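Two versions of one and the same chain are coming, encoded as structure tokens; call them structure 1 and structure 2.
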Structure 1
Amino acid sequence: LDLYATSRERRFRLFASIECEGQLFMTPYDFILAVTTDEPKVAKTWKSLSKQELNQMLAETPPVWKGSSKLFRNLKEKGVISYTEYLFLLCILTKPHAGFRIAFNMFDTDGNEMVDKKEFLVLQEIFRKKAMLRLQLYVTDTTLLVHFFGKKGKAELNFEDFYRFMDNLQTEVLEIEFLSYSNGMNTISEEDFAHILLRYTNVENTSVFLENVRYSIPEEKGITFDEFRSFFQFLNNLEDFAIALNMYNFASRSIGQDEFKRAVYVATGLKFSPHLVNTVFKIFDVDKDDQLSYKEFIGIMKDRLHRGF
């Protein structure tokens, strides 16, 4: 009966599945659930494990160089994730690549471009932080730590290794969402795409746009996973996209496709498919006005990435 905990923490316990000497833990599988699902299949139920059951669990963790876009799906149930590590992973999913490269370089006095187990522990705790009423009345090892630093914690973590860990995690979650809609096929429909974007938006706007795609001319092909992932990378750098659309000033004008494509490239480095861009415009234009309005688009997308996970 805990009214004493914050929103995020409440959630963590809600999905967590392991208790070991009093502490709670997600599995890898629980974490993917936590960032894909609204509520768990089994809520607030902790299987208790021995210190050894846990060690044993851990000893079959792959080394960092066998990491992949399928690390978590492969580990599934047999692994441990701390609540701090949960917030760390959420940061890797939601925030832009920049802050990580900066903070890692900042902690790499000793390295170089390598980090110690202890340095990583502190760096990760940093990311976590980010009277009148009287008057009225009167450390434990986890999959990530073994993965990054080996079994007795003595390895050092290269920056490029860790950076591709970040990429892998991002691609895993994206693949899971994309599969959700594709049931294994190569592409997804305009409607699938739209539903993914608008899924976390006010149901008024979602009404208009979804009926726009359902009523519109049929698509010729679908969105590959690559166009999908490109688009969500762009969602990580939405801030600079807005920034860039500002100096392409001045009247909050509306953007055409070649315009919008150029804007994406310049502000983020990514070169969208002509097809991906066209698909954006079919979702959102609603013939307003054969060109897209950037500040409406920025609004819904602002919402989508943050509250999607």
Structure 2
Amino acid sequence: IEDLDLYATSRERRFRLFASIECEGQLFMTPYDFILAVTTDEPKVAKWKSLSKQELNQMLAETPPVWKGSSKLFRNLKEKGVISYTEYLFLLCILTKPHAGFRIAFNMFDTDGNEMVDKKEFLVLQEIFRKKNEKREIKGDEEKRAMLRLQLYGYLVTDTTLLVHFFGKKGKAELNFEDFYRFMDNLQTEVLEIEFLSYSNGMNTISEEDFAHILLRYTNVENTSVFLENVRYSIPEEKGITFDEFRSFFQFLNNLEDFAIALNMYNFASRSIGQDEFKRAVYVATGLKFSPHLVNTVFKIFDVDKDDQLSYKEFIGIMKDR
């Protein structure tokens, strides 16, 4: 409850805010609750359904096998599934990875090198985070800390939607790199689709005012309203952003590092890039092809100086790394 927030991290408070399933004191998110957790700010309604272990396992008995993955996995599993806190963290982490990172992640999992991931490999990290936070060095409020620990990790282990989806109902299936990649690619694409569609209202395009508005979640914009007032007046016509362009730009945001390397020669010289070699830098660094409309829109959103060029802290410096 409100009691246990005072003992909790930001991420733990937010997990608890969006979670709706309790089973033997462990709290859970449904796939819909996760979609809301990543596309929304706060829930709209307050409450909180409590399951026994076998009504939960009937809820899971459906779960599609891994080969049924699609950007619509989580929306077809609307509320018929369960996600733990660790699993939540996993999914959040996926949302920020570049595609090459999927391989870094897979290799971080495959402790033994056979190029598959056991259920038991996959479970070691929930084991690691469970143990770590427990603090036998910090005294006081042990019972409330234990309750929050239970809420977040339980106490082989309660089956979950990702656990059954990945390793089957018996837990003996294994995951190769290709399925892992497809799960993370399909989840990135799902979250992007839900945001885009949340603004398109049935069109091919979202407005650039809505584009920029979504962008401000990724920025350290000191005054949010002054920046939106800058896009509304800098761009008197709206031509609209297509889904391909919106996906292009967020794939690029996950490859921002490689972009900084590419423009490093510019930043050593304190010089600003133009839109042509901004586009070309995006291509050679990321492999993505930005439309001239997308590039032009980014420039009108971020080029405050109004030179039709972008300096280091007009774009790259302003993006947050979380």
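Residue 1 is the first residue of structure 1, and the numbers go on in sequence order from there. C-alpha atoms forming the largest set that superposes within 1.5 Å between two forms make up the rigid core.
In a core superposition between the two structures, the Cα of 125 is the only one among 161, 167, 125, 156 shifting by 2 Å or more. Core-aligned CA deviation for residue 59 between the two structures: less than 2 Å. Relative to the superposed rigid core, residue 176 undergoes a CA displacement smaller than 2 Å between the two structures. With the core held fixed, the Cα of residue 77 is displaced between the two structures by less than 2 Å. Core-based alignment between the two structures gives a C-alpha movement of 0.3 Å at residue 31.
Superposed on the core, the two forms differ at residue 280, whose C-alpha moves 2.0 Å between the two structures. Taking the core as the reference frame, the CA atom of residue 218 shifts 5.6 angstrom between the two structures.
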